Every structure is written in C-alpha cells, then in structure tokens.
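>>> build the 3D model from these lines:
(chains A, B, C, D and E, ligands or ions: 4)
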Amino acid sequence: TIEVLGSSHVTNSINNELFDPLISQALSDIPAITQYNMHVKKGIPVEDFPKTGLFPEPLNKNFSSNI
Amino acid sequence: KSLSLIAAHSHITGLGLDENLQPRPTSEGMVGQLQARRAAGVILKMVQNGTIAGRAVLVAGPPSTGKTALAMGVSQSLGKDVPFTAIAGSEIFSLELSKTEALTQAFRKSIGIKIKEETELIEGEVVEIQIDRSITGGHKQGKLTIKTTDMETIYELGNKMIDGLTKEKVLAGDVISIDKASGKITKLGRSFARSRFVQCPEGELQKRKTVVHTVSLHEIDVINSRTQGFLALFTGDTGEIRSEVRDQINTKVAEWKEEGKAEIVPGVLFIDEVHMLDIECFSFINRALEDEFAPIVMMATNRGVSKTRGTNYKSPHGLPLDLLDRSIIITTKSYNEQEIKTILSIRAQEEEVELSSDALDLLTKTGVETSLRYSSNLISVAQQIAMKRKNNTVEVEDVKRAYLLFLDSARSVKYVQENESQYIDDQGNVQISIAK
Amino acid sequence: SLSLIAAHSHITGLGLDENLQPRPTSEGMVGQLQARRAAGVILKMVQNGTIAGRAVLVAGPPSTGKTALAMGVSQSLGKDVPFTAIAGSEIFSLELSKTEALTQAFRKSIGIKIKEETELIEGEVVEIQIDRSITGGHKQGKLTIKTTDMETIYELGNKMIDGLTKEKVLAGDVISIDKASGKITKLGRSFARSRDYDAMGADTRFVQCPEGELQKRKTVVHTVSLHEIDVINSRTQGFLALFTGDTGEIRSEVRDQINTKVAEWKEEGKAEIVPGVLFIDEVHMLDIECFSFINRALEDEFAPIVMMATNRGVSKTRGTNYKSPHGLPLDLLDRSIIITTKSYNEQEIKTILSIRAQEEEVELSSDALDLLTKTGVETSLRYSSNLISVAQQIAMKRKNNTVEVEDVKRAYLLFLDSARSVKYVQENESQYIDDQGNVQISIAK
Amino acid sequence: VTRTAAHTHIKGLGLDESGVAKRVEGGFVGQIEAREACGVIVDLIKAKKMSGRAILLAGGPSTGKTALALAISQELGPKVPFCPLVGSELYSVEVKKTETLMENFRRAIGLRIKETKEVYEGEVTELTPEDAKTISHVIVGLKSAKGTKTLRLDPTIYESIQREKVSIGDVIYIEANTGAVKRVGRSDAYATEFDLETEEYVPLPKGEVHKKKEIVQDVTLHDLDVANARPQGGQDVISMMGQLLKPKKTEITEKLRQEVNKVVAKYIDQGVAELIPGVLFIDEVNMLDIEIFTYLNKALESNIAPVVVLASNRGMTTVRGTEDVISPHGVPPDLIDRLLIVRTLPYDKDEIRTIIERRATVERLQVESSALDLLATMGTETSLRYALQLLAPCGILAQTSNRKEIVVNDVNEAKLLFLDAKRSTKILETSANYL
Amino acid sequence: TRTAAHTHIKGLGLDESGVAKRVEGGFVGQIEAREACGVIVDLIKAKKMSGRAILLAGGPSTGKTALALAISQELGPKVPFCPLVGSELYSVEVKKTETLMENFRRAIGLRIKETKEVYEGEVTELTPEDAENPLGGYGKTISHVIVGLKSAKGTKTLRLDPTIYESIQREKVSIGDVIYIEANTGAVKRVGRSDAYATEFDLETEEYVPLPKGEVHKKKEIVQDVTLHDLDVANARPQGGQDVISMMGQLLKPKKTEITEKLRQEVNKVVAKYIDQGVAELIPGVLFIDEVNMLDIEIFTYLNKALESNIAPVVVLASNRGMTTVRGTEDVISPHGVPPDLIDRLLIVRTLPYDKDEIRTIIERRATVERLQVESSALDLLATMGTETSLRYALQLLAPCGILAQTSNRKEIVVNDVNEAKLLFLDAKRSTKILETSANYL
Ligand SMILES: Nc1ncnc2c1ncn2[C@@H]1O[C@H](COP(=O)(O)OP(=O)(O)O)[C@@H](O)[C@H]1O
Ligand SMILES: Nc1ncnc2c1ncn2[C@@H]1O[C@H](COP(=O)(O)OP(=O)(O)O)[C@@H](O)[C@H]1O
Ligand SMILES: Nc1ncnc2c1ncn2[C@@H]1O[C@H](COP(=O)(O)OP(=O)(O)O)[C@@H](O)[C@H]1O
Ligand SMILES: Nc1ncnc2c1ncn2[C@@H]1O[C@H](COP(=O)(O)OP(=O)(O)O)[C@@H](O)[C@H]1O
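Residues are numbered from 1 along each chain as shown, chains lettered A, B, ... in the order given. Ligands and ions are numbered 1, 2, ... in the order given. Shown next is the protein structure:
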C-alpha cells in the first residue's frame, strides 16, 4: 500500500487502479437474474453488455483455492 | 525493531573520538588504529559538512585488520536519516542490468531529499457510535461521541464516514486515528478497560504534526519513469532507467532546492572488496565521481600488486592508476598482543562468555600465533564445551579441547601436504584404496 | 529541411554517358573510370531485373571511394527500388540470430509493386439522418456532405451506420469515404467550428475545409518488400513489430507460403516484382557462419544483388584462426567479382577538394587550394576536407569572407593529423598509459 | 549551501572577440592552443550547418580534457543539447551496442516548439449537460474570488469530468488545449455541511479564472522515437502501478526513424519547429569494442549525425576486441583518418600553484603563502590531483583547533594521515602478507 | 523470367533400369554420383527405411548442391524437402537441439482425405416457426427453423434444428446473403452478399461474392497435406479460447518453446491410429544440410542420438573440407569436419572435378539458359578462362558480356567483349596478387 498524507486524489487514483471496473468485470460474470433485468426489463441489447467471463478455468474443483 | 542475533561487528557502536578528533585508546568498542580512526573521523566531518561532493577514499591493508570494522564504525557514528549504501564488488554482475546501470543505481541510492510537511489528525478514544440505517441503504445518519483524557465531543457524520467506519469495524472502547483529508482510519488498539491494550491519548483531539521524509534520488527516478511503478523498488525489475528522466529529476531537485521546499543530504557509498570489479566499472567510476549529485565513495580492499580484472597486467591494490590518482588512501596496520587481548576481551563480554585469566592468556597466545578470527571463533565453542560439563567459567582445558577438535589454516595445510595421496590434486588423481 | 551537409552529399548519381563511358568529372564524381564503368554495368544488371543472386566486391585502400561509388549507385538507382545499406556490426543481436538477421536484410531488398484505384469523397458532414425500420433488421442513412463548392445527398447502408457510429462524427467533422472499398476515416474538425466548444480536448484536431471537386479519382502505386509481408502474416497486429523490430525469428513455413503466393500473384497479373540492391559496408568483420549462410543464400531466385565493401589486406577471418585475402574465405571469394579502386594523384585530389569546398559554400583562393592539395598529397584527403571547414570559421572570425593561406596555416597548426600525433606520443611515451598500465603522473623525479 | 565537486570553477573558455585566449580567465590557467581550438569548434557548432564532424583531444592524465569538454558545453549554453557519455555505457544486456550508439546519436538533436497554456480553475457552481442517451454539450460555470465565467464543453471532456467525480462545489482545473481535468477538492464554503467528512477542503483561488501563458518546449529526436516505439502500447496520464508485463528496449527499425524525420521535416517548414544540433561527448573512448568502432564510421556519414567529441589518455595501445592491432590512443586507424586531434600539454610548477590557489578560493578556504608553496611542491612531487584533494582535510584540521586559516602543520598532518599512490606502492612492495 | 545460379537442371537425367547418360537434364559429367543419387532416390521412393544418412564430399565448384536439388526435383513436389545450413541451428531463442528436432519433424508429411457434406447459397426465406404449446414465462419458443437456399440452377428449402437460429443471430445473417452450412456441426457461416444486391446503396463495406456454381447440396472429397511439425505446433499452442492468457499471447511475440517428448508421442500414436484406419498416408522426405562443418560436436552427438529414432527421415549432408578440426574441439583431426562416430553411421559419395570440354559444355548450357548468344571463338576463350581461374568465375562473367554487347548495339558476344569483361572484373588470384604486391593497406 502506498500512502500520501493529506490528499484524496491519490486515494481515488489508487482505488481506481486497484479496482478498475472494466478489468474486474472482465475477470468475473454477471448474475443471470441481473442479465434478465438488463436485457428484457431495461431494453439493453446483448452486444451492449460489458465483456465478462475471461477468467481461465482451473484444472479441478480442488485446484480452485488455497484453503 | 531491527532484529539481530549477534554480528561480527555488533560490538562497535562508533568511532571513539573526542571533540578535537583525537582517538581514545578504548571507546565505543574500537581499540587501536589511532591514525586510521582519526582519518575516518575527518572523513566523517567531510560527510557531516556536506559542502563537497565526489571524493573517493580507499582503505587498504592486510586481511583481518579493522577495515570493515572501520566502515561499520563510520556507519554507526553517522546516525540515522543519512543514506549509507554498503555493497560488495560481486553484486553488480547482473543478468537484467548492465554493470554501469547497477553502479548508477548504487550511486543514486546514496543521495537523499529532505522534505518537511504538516498534516492534521484526530487521535482519540471512541465512547459511543450511533448508526441510523434505512431499509434500502439510501441515507445513513451517524453520531460519534469521542474523547481524549482532556476533552470530550460529539460529531455528526456524513455518508462516506459511515462507510469508512463500517469498513474496518470500530467498536466502543477503541483508540483510533482518523485522517480527514484521505479518510484513512487506523485502529491503534483497545484502551485500559478490563470490564491489544494502549493508553488513551491526551491533549487536543485535532492535532497538527510535522513529519520529515527522506527520499532517495533512485526512488524518484523509479517513480518518474512511467514504464514501471513503485513496486520495482521492492520487486527489483527497474530495468535500465533512461537518462532523460534522470536529467528531469536533476533539474527539478535543484528547482526545489532554490525555492526552499526541500533540502539535500549526501551519503556514503561503501564498496567492500573493490578489487573484484571490472575495468569498465573503474572507467565508469572515473567519470561518475565528478558529478554534483555524487556521494562520498569509500572502497575497501586487501589485495597487493594483483591482476586487474578484465586486463592482463598487474596493478597496485588491483586498481588502475587513473582511479588511484583520484583517491586518498588510509592504511591499516597489524595488531600487537595487548590490542588482540583487548579485542578478545570485548568479544568475550559481547557474547556473554565468562573467561578465566589464564584462558585469556592462552587465547591471546594462540591469537598472535595463528589469527585473530580463529581465537574469536574458538571463544563460543569453548563456552558450549564448558556447558557440557556443567560449569560457567571457561577454563584452560576447555580452550585446549576446542583447539584439539577444530583446526586452523596452517595445520590443515600441513596435514594435507602430509597425506596428499588421499586427496584430489589439480590433475584429478586420487587413491581411495588403503592397501597397495 | 532535415538534412545537413553530410560526408558525401555532393554525389548525385553516377557520371556516365549513354554508352556506359564515364565522364572525367560529372555528377559529383571525379576520376575512377574503370570502377565507375563496372558500377554502371552492375547498375544495368539491376535495372534489367532478369538475373538474381550475384556478388560483387569493391576492394581498395582506405579513402578511395568505395562507399562513394555505392552512394552513386544508390542515387542513380532511382526511387521505388529497394536499396538496403547496412554495416558489418548490425547483424550481431541479442534476440535475433545472425542467420535470421541476414535473412531479414536479404528480404528487405526485394519488393513487389501493386497498383490500385481510389475514388475519394472528402468533405465536411452537415447532417446524418438515420432511418430505422419497424423490424429493425435493416437501416438507411441520409448523409449530407459538403465542400466549399458543391454538396449532395448520399444513401448509406447498415455497415455505413455501424462504421460511423464507431469513431462517431458530430455533424461538422471532415471525413473521406471510398466507394470501391468503403474506407472510412475521420480527418478532424473544420475551422468553421473552431470557436464552438471553447476547449478542444485530447482526441481532436483541426483541419481545413476541403475545396474543389467533392468526387476525386486517383491511381496510387505501392511498393511492399517481402519482409513487410513476412512480419504482417506472423502475428495478429504486426505493424507494431514493423515499427519496433520485435519480430523475433519468423518461421520458414510462412516464408514459403508467401513465396508461393507471390509467385501466384505474379502469374495472375495483380502485382509485379522489383529486385533491388543490398549493400554491406565493411564486410570483413562477419563471422564464418554468416559467410556460410551468405554463399548458400545467394543461390535463390528471390535474392537481390549484394554489393560488399572492404578495405582489409591479407588479414584473419573472425571465427577462425587463419588469414585470408580481404578477410573473406575463398569459398565466398569464388562466387564473386571484384572491382578494384586505385589511389588518387594531385589533380584528382585538387578537383575533389574544389568540389567539396563548393558544396560546403566555402570560397578559397588559388594559393590556399594549392596548399590544401599539397597537404592532401602528403596526408590523407579527409584531413584536408576537415581543414577546409575549420579554416572557414577561422576566416570568418577575422571579418574576412575568403579563406587565405594564413587561415589554412592556423588550422594546420591547431589540429593534428595521425603522423604528428604518433610522433608526439612516441617522443613523450612516459606521460601516457601504455599496454601494461604504467604512467608517470608527476612532472618531477 | 554550495557544493563543489572537482569542477564549477570552470565557467567557459575565456576567449575574447578575436578568439585569442587569455592566460588566466574563466577559471582556466594556461592551455592556450587547446582552448583556441575548442573555441573554433564551438563556433563551428554554432554555425549549425555541418553534420558528422568529429574531434578527439588527447593527452596525459590530469591535463584538462574533461574540463575542456565541460567548458565547450558551458560556452554553447543550456539551449543546445549536450549528451555526456562514458565508453562503458554502450554495453547493455537488453539490446545490441549499435542500437545504444544510435540512440545516443539521436539524443543530441533537439527541437524547439512554441506552445501556449490556457487554464480555467475555480469553483463549480453550475453543471448542466444537455443531449441531442447521448449528451450533446455541457455548460459548466466556474467562480473564483475575482468573479465567475461560464463555458461550453464537448462530451469528451464531460466524460473525464464525470470520471473525476466532480460535483457542485468542487474546485477544478481544466486545460483548454489538452482537455485535462483535475479535481482539487471541495471548497471551504461547504466545510460545515457535516461535522466529520472525508473530503479535503481548499480555499477559493485568488486570481482570475482564465489564465494564458507562453511556453517553450525542448524535445530531442530520441523522445519522438521512443514516444512512437512503445511495444505494449500507450500509457495513461496517471499510473502509480506499472504494467504487469515488463516492457524492455527493442531494436528500433529505420522505417520509424524515416517517418519521424518526415513528420519533423513537415513541421519545420510551417515555422512551428526550430532545429538545433548538439554535441555527443564520449569520455574514455579506449573502452570501445572494434565492432562499435566500425559502426561509428557508418554513423558519422549520416545526414543528421551530431558533432562527436572523444577523449583518450592512452599511448600506442592494442584495440579491445583485437589481438595485434597497435594504434595510437587505442583508436583504430580507420576512425583516426576521419578525426581531428587536439593535443593537451602538461603543466609546470607555477600553473599548478595557480590552480591550487584557484581551487582554494572557490572552496572558501584561506591558506598561508608558505603552506601554498608546500602544496605546490607536493603537487609537483606526486600529482596535481593529490594536492587538490588534500585541501578539505587541511580545512577540517584547521577548523578543529579553532582556526579559520591553513598552517604548514595542518598540511604535514594531512600528509601523515593520507597517502598517495607511490607511498602506498612502497608499503605494498615491502610487506609480508597482502599489504 | 528470373535465373539464379540453378534451374538449368531438371532432375538427374537417368534412364529407367540403367545408368546415367553423358548429357541429359542439364547435367554434364558426374556419372557415378548421379547413379548413386538415383539409387538413393529409389530407396526414398521405396518408403520403408528410416534415418539413413548420405554425405557427399568433394572440392568447391563440383556440384553437391546441384545434386541435392536434382534429388529434390526428381522426387517431385508432394514429397517434403527441407533445405538447411549448418549455421541456422544456432538460435538465441531456443537451444540448437530443439531446432534440429523441429527440422527433423518438418521433413515428414501426412496425406489425409475427408468428405464434406455442405449446403450453401443465397437465403430465400428465414422463418423460425413457433411451437403449438409455448411455455409460460418465455417468448417465441421455436420448434424448427425453415431456411430456403438458392444457387446456380438449384433451389431447395430446408428444415433445421431450433438451436441454429442462435448462430444465425450471432453471425448477423439477414436476407439476401450467401450462407454455408456443413451437415454434422451446423455452424452457419456468412461468406458474403449476393451481387444482385450490390447497387441499392451508394456506400457500403461488405463484399459481394457471386452465386456459387453447382447444386445447393454436394458431397466433396478433399485431400490435405500437412507435416508432423505443423501438428506439433498446432497441438502445443492453444485454440481460440476465452481466457485472458490465450488472447494475450496471440497479440504478443510468438516466442519458440521447448516442445516435450510427450506431445510428440501422443501425436505419433494418434497418427498411427488413423493410419491403421486406412485414412492417412505417411510420406517421409529429405532433410538436406549444406556445409555441415559449421556444426559443433554437441549437434553431432544429438545427430548420433536422433538418427536411431523410429520416425527420422533421410538426411543428406554436404561438406567440402579435408583434414579439419571439428568445431568445439581443439585436437580432434577428422575428415570433412565430421567426427568418426557420425562418419561410421553414413554412406559417402565422392564427387570429381571437371575437364575443359565439360567446362565448355556447362558454359554453353548456362549461356543458352540466360537467353544469350555466344560466338564459338569467344566460347573457347571463355572455356580457357574457366580452366585458368574458376568455373564459377567463367559462369558469372556472362551477363557483363551480354550487357557490354548490348551497349554496342549488337546481339552477339565477341572476343572484345570478353576481354573488356576480363579487364573490368577481377578474379580471386589476380586480386590476391594485387593485395600481396601492395603496401598501402590494400
Ligand atoms: N579496532 C578494532 N576494534 C574492535 N574490533 C576489531 C578492530 N579491528 C578489528 N577488529 C575485529 O577483527 C575482525 C576483522 O575485522 P575486518 O575489518 O572485518 O576484517 P578485514 O580487515 O579482513 O575486512 C572483525 O570481526 C572485528 O570485530
Ligand atoms: N571519385 C570521387 N569523387 C568525389 N569524391 C570522392 C571520390 N572518391 C572519394 N571521394 C571522397 O572521399 C571521402 C572519403 O572516401 P570514402 O568514400 O570514405 O573511401 P572509403 O570508403 O574507401 O573509406 C568521401 O567523403 C568522398 O566524398
Ligand atoms: N587549465 C586548467 N585550469 C584550471 N584547472 C584545471 C586546468 N586543467 C585541469 N584542471 C583541473 O584538473 C583536473 C583534471 O581533471 P580531468 O581533466 O578530468 O583529468 P583528465 O584530463 O585525465 O580527464 C580537473 O578537476 C580540472 O578542474
Ligand atoms: N554436372 C554439372 N552440370 C551442369 N552444371 C553444373 C554441374 N556441376 C556443377 N554445376 C554448376 O556449378 C555451379 C556451382 O556448383 P555447386 O553445386 O555450387 O558446387 P558446390 O555445391 O560443391 O559448391 C552451379 O551453378 C551449377 O549450375
């Protein structure tokens, strides 16, 4: 963690870099009921969705965690 | 902080000098070597004055004669907040950085920028937190009763402070420090309430404190180069930082110095075993020593009239004559019986070893016979041999048993030259069989 | 411009006749009649284009004009013919093999020529009207583009609508549309709307409003070397490898499919083949492996004409432990023809010095020119060439415009040649660091 | 206060209008002919017409070669580029040495650009965007202590404004030419909406909202080469964390160099750009390999190559990378034929004394004349550099006994503590076990 | 028409069941080496043995590379042939052992045949037919998709799965476009738009492939020729995947990697399984290495290891050295720069120098290939020139003679033109005499 005392711009930029919404959306997936709310209830087309599900699959279910 | 078991130079706390830079016979763990200690004190005054730059000092002498001890004493008497970069000669032959780039990084790690700044903090003891929440989480309301040992107050809290207090959960009885500008909340612990443990703070809640930062030039060089972040300061893949950003940092540092926003501190770059460097390193040092942003370089070596690496001729101290023209030389000398006895007594007091007098005389005799480091190494083995037979004081036969068990250089050479048929020579011929 | 007075910028082509007979002094070249005639023969070999894989070698003493002859050949070659001029030390890389670097240098020197037609509609957008159907599967577009003279209404497809929604134009931007291919670009914003948005931003630029005819037709010619196709068909986005050099040992299968497809393109009639020249200056310091690869790679149909230059005598070959003529093995010297240059005399040195003084815009007297000619007779030629340039500044410091003999004498006294430096080093050998690292620093004994 | 490191008493060459050197001027003592030759070279570089000219100045160690190079760089001024280099810096582990030499060649050609800076800064009092899902334009109102000003903005800058989380009451910073938007923080007028908040509070700007400024940008050709030869791609404006995959240097092709030259040649003719050639200085040229020595011959024949200044302190020495090539100054005879050689002569006793006095003046020390004669005798006996580096210990030892002035006994004490190379060699030879 | 040092040879020129004749196929002389190369060609065409090695040795300008290229032309274009130089194995990305194994696997080919059942053409209608009982909570439940296709001299309406309509929507298949559906996979792909729907809009980007010939439905048997190295680099690299690593590596530099023996074993066993099925044919080929003295003893040792493999092809080596030290060793004296361990494992073919009449005939053929006309006395003087200096020097002095003949507005080379080409262009011996008799760094 890099800290600069007395500035909110550094905290905002650090929180933007650590939790970039495009990359964090790319490495995960939208829930199905949420997708149904976007496409049918809100009129958003399929191709206007952010790109999701780019995380590589693990070998097993046992290899997916360190616990 | 700064965990450490016992080092070889851990008994040295600084150069033992008076106000006239005269060396005491025994002070701060350093005995003997009066002229070398006085010269190193003059070098320390050069560093503390800071008005001159790029001066090279060579420390040369026999092995095991107070060279690294002198460097450790100079580093201890420098104190904290002044850069000191102690590297070895074999540490710059890298695989991802060139030799000149590694030498440039080691040069720029020893010049610091001093910046003073002020920040305001709220360090206090939480009496009561009241949180009002809605069903959907739209609007949050918050009351915070917080106090010191001197005051007491109640604060209305906005939504982002509610989010910052819910995250990193603060309960009643805690001692916390809040930064208003950045929103960083740190739990110092719990107060003295039996019903870890710290003391409730005193004075005003809203304090304003001045902190002093010392940032090396290499850190600003890494930060200003946009291709890599600050993590290369920890991971180490800086990777051939260009000279343009070095020029920008060199201009901006002088711009800050003229405006009075920052200050220049110079440091010491120590190169231990300097004879292992290549000729291209010496040719780089010959031009890098003449910069304004150049520290004081102390080099230690023990070679005498050896081959310069990268060439085929022989030079004094393993260094070429153009480098030796740019240096002043401090020369060390061998030790007497009394100084060896005093050094061994200091090392006996350091490792919590109780010694008899006759054992100390035997150690001094075998120290002036073989080596200083051999008697400095026997003194802790003899304590374990003493503790095996359940007594505290190390006696004469305890030293004799360790002398019998553990050999030195000359006896090993004698036994090898006596029974060389059982070892592998240069030609790779050995005899493993006993008969015939 | 971005070109200063170089070492040999006075050479503009080879000074030959129509019967390949060299003039005594024309097009910047003085003397060297047989070498210029042989270079004209090699130039006609390149311009014919029916032959491939031939090796010449320009051998001579230093300061004779081998690279001057190569510059004359390159200047008389003309445009749109590839001329790849490299040195000997360029092929030693850390992430490319010597064989692969030589392969890239060989395939940079032969190109193909492709002709195409362009129908440009370049103008400022006035209004885009998008019509959507009830089903929405098909869309129509009314485009109002304009110039300073005429404007018209164009019909768009759905792919126009998708391609203009991306890099979105805002009714007042300058675009240009192709008809045969449908190329879409956004050149920038007009100057008529420059005082509209009060702050331009990061990703905008201002261009003039195009004038004249809105419709334009233009035939353009492209010359693409085979190395560009090799780089492009090796990655997904390969032009970054074209401009950064991180191609990294391109495989052989893509090379043979590109050879087969360029043979098919020549047979179809779409493109034609332009062979060129690969010049290697100071060829003597290449490894023996590079020579092996060269005399095997000179036997292919897609091989350019290789001009190698060297000035070594009977010297050792790198990678081995024996000596050879010109620093080249006899296997490579078997497959070569040698052009030998000859040293100059007083008159040719005088003419070359006069040409170099005219090129640098320096006016000399007759006595100064004769003194510089005598100095170039005794010393080398490049020493007199540099002496002219420093004597010009010594002349201009005196508030005098022509170079006199006093200025030449002052420039001779201030700056030393090789022989006087050798004499002054050998007379004062104790003050310099010798081969064993010994030096007498102090002036007193 | 002030830092002195082996230089900074050298202010220039100290020549008059006719180019004749004074004896003691500009911090230089003696050395008339080399200073006159360097002044002629400075005039040739200021003429701004020729490319690829080379100069080698040779002499014994501690004679003034690097001081003359720094005097040339001071005589040219800070506007003209000057790239100092050592011969050992051309060996890298990421690219070949020829690429490093070409990069250092193109680092010495600069361009001067006339630019304007336009700045709006103040409190956001009105933030109204209007469309025609896609916004058309946003009207932004700014206020400072001298008044208010309203602006229209495009949706592109509005996206960066929304990305910066700018609301009503924040003090912002908008650059008109670049479109960069910076948020400073909330204002002190809204500091009492809550008792505790995470927002930093800044006062209103005292000056006017609109500021204009004329600036001059200096950019080398290697900057324009490296701005277009990024292998990974472009980077954002603010990034404290680096990219995950490490970008290393690459062998930049000549096609990119030709296109950069085409762009610069187009920009020069419009009067926006001004071209300034400079100096590439290479000290210790004897450390160069024969391959770099060969590539230097090709690099000196280009149309855009700068003036190269080399230095060497060797005699008849074998060239590195070769076995039996004995040549003067460690330089092969091919490159020497393209060079002009300036000789450097050693000093006598009185010039050594004057140099010691000049260095003692700039270090703010006061030396007795009898101590100065002893220092001059020591400088002639051992080395000039040994006499120069013994001034600061003499000053410290004089300051120890509460004196502002150097006595002979301080010189003797500093000679006793610190040795030169000759006495160290004498101790080295008559020793038993590794000194 | 481009001629470059070769392409005057069209095979070896042997007759059937016999020996080489004196002049045939661009070859003059060298009867015994041609017969041995023909025997080697017949052995390669027998398609049984593996890992046989031929070293052909001789002086410079003798015809070793010409014999190797004649072998390559005699085999044909369907048999793989990998030319190589001994200096190409030294790469700075992967070790030379992996490069040698890659060039070993490049020389073995696989011929596969397959049958494709396709439906292609312009779409006439596209109707997703609804179901009789749609399910609640949904919309437009589809029972089947009716697609009509039209091509040259044939129209046909289809009846499809409910699933393919998703692929039709993802591939943006509208009306009037030309589609392509294979049978077993579905997987409609959009090959373009019809040319009858080209000029309704002034501006468009989409291409217009015309209507395909033949019927809408035809089974086509295709034959594909690959190599084992292609299968190795296709199985080693991943396919089109959704992970970030696959898309990141596809935009980065394709760095070569050490292919394991496990992947090669799996490739060989699946290839053997499909060969035993009767679908695939295995065609071993030739790996040719020129100037094998450039190899060091590590590559020679790995050649000793790899020539005893089960799958290795026929390797042809060329060298011209005599008693020479092997590279990488300081005191091993060996013939042709080849260590005796590899020398024991190969067969040596000796090649002999030429005489004056054969030099004259070779110059005649190289002149008649380059479309040149030479006088007889000039031909005899050129043959004498080739006898005195070199065969390659006489061959390379033909095009300057033709250019100098053209410059004098004549179409025939005469004695004066070859004397001018003699005086203008030098050979190795006279240049060496110039270098020896001069002392100005010449
Ligand atoms: N003046 C001294 N005071 C205290 N200890 C010393 C002194 N001189 C040497 N030593 C001891 O002798 C040992 C050798 O010293 P060091 O300088 O590290 O060896 P070298 O001279 O080979 O670098 C060290 O462990 C140090 O503790
Ligand atoms: N025939 C010629 N006409 C004009 N200038 C020449 C001629 N020959 C040589 N020069 C000049 O001599 C200078 C150095 O000669 P160069 O071509 O470098 O010889 P080399 O390549 O053998 O070193 C060049 O600047 C060139 O302009
Ligand atoms: N003419 C001079 N006047 C004043 N100081 C000089 C003069 N010549 C040399 N010096 C000083 O002597 C030192 C010599 O250093 P330098 O020139 O770098 O050595 P070298 O010539 O071996 O490179 C420099 O610190 C410089 O300040
Ligand atoms: N028997 C032959 N008939 C016709 N031409 C030949 C013959 N042998 C060699 N040549 C010609 O000699 C030239 C060089 O021979 P080459 O195959 O390179 O010998 P090597 O490979 O031993 O150097 C080739 O261009 C080839 O056309």
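>>> ok, residue B:310 - contacts?
B:278-280 (CB atoms under 8 Å, 6 or more residues apart in numbering or on different chains). Yep, even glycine has a C-beta here, placed from its N, CA and C like the rest.
>>> quick check, nearest of those residues to ligand 2?
Distance ranking of the contacts of residue B:310 against ligand 2, using CB to the nearest ligand atom, places residue B:280 first at 29.7 Å.
>>> that closest one against residue B:98, yeah?
No: using CB atoms under 8 Å, residue B:280 makes no contact with residue B:98, being 9.3 Å away.
>>> got the end-to-end distance for stretch D:297-310?
One end of stretch D:297-310 to the other measures 14 Å (CA to CA, to the nearest Å).
>>> spell out the residue ranges of the helices in chain B.
With DSSP state H as the criterion, chain B has helices at B:34-49, B:68-78, B:99-108, B:159-166, B:217-224, B:232-235, B:243-259, B:279-288, B:321-325, B:337-350, B:357-369, B:372-388, B:396-405, B:409-418.
>>> picking that back up, so what sits against both of residue B:280 and residue B:98?
residue D:91.
>>> and stretch D:56-74, C-alpha only, in CSV?
The C-alpha atoms that make up stretch D:56-74 are tabulated as CSV, following Å, rounded to 0.1, in the frame of the first residue of the first chain:
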residue,chain,number,x,y,z
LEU,D,56,39.5,13.8,-30.5
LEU,D,57,41.5,15.6,-27.8
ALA,D,58,44.4,13.6,-26.4
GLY,D,59,47.0,14.0,-23.6
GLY,D,60,48.2,12.7,-20.3
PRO,D,61,46.0,12.1,-17.3
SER,D,62,45.1,15.2,-15.2
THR,D,63,45.7,17.6,-18.0
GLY,D,64,42.2,19.2,-18.8
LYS,D,65,40.3,17.1,-21.4
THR,D,66,37.1,16.8,-19.4
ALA,D,67,37.4,20.4,-18.2
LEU,D,68,37.6,21.5,-21.9
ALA,D,69,34.6,19.4,-22.8
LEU,D,70,32.6,21.0,-19.9
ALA,D,71,33.9,24.4,-21.0
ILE,D,72,32.6,23.7,-24.5
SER,D,73,29.2,22.7,-23.0
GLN,D,74,29.1,25.9,-20.9
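>>> let's see if you can find the most crowded of the contacts of residue B:310.
With neighbours taken as other CB atoms under 10 Å in any protein chain shown, the top of the contacts of residue B:310 is residue B:280, carrying 23 neighbours.
>>> quote the end-to-end distance of stretch B:211-231.
In stretch B:211-231, first residue to last residue: 23 Å (CA to CA).
>>> quick one: what helix or strand has residue D:73 in it?
Assessed by DSSP states H and E, residue D:73 sits inside helix D:65-76.
>>> for the nearest residue to residue B:224 once chain neighbours are set aside, what are its contacts?
Of all residues not flanking residue B:224 in the chain, residue B:245 sits nearest, at 4.9 Å (CB to CB, 6 or more residues apart in numbering or on different chains). By CB under 8 Å, 6+ apart, the contact set of residue B:245 is B:221, B:224-225.
>>> give me the buried entries from the residues you listed.
Among the contacts of residue B:245, those classed as buried by 16 or more other CB atoms under 10 Å in any protein chain shown are B:221, B:225.
>>> just send the contacts of residue B:245 back as a markdown table, with distance to ligand 4 too.
A markdown table is the format used below for the contacts of residue B:245 (distance: CB to the nearest ligand atom, whole Å):
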| residue | distance to ligand 4 |
| --- | --- |
| B:221 | 57 |
| B:224 | 59 |
| B:225 | 54 |
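>>> quick check, nearest of the contacts of residue B:245 to residue B:395?
residue B:221 (58.8 Å; CB to CB).
>>> next up, the contacts around the closest one.
B:108, B:241, B:245-246, B:249.
>>> now those in TSV, please, with extra columns for distance to residue D:73.
Listed next are these as TSV, based on distance: CB to CB, whole Å:
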residue	distance to residue D:73
B:108	21
B:241	23
B:245	20
B:246	17
B:249	19
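>>> hmm, which two among these are most spread apart?
Maximum distance among these (CB to CB): 11.6 Å, for B:108 and B:245.
>>> strands along the stretch 51-200 of chain B, start to end?
B:56-60, B:84-88, B:111-132, B:141-147, B:152-157, B:174-179, B:185-190 (DSSP state E, counting those that start in this stretch).
>>> for ligand 4, which of those is the nearest?
Closest among those, using CB to the nearest ligand atom: strand B:84-88, at 55.4 Å.
>>> which other helices and strands contact the closest one?
Packed against strand B:84-88 by the contact rule (3 or more CB pairs under 8 Å, 6 or more residues apart in numbering or on different chains; DSSP states H and E) you find helix B:68-78, strand B:268-272.
>>> now with 6 Å, please.
Secondary-structure packing of strand B:84-88 (3 or more CB pairs under 6 Å, 6 or more residues apart in numbering or on different chains; DSSP states H and E): strand B:268-272.
>>> pull the number of nearby residues for residue 7.
Defaulting to chain A. The number of residues packed near residue A:7 is 16, by other CB under 10 Å.
>>> ah, I was thinking of chain B
Residues lying near residue B:7 (other CB under 10 Å) number 10.
>>> hmm, back to that, closest to residue D:265 out of the contacts of residue B:310?
Scanning the contacts of residue B:310 for proximity to residue D:265, where the rule is CB to CB, the winner is residue B:280, at 38.5 Å.
>>> tell me the spacing between the closest one and chain A.
36 Å (CB to the nearest CB, to the nearest Å).
>>> and what of residue D:146?
Distance, residue D:146 to chain A, by CB to the nearest CB: 25 Å.
>>> I'd say that residue and residue D:209 touch.
No: using CB atoms under 6 Å, residue D:146 is not in contact with residue D:209, being 7.4 Å away.
>>> who has more neighbours, the two?
residue D:209 (20 against 14).
>>> doesn't residue D:144 make contact with that one?
Yes: contact status for residue D:209 versus residue D:144: in contact at 4.8 Å, counting by CB under 6 Å.
>>> that's a strand at residue D:11, yeah?
No: per DSSP: H, G, I helix; E, B strand; the rest coil, residue D:11 lies outside any strand segment and is coil.
>>> what's the burial count for it?
Neighbours of residue D:11 using other CB under 10 Å come to 14.
>>> and the gap between the residue nearest to it when sequence neighbours are not counted and chain E?
Distances taken as CB to CB, 6+ apart place residue D:26 nearest to residue D:11, at 4.9 Å, with adjacent residues excluded. From residue D:26 across to chain E, the span is 43 Å (CB to the nearest CB).
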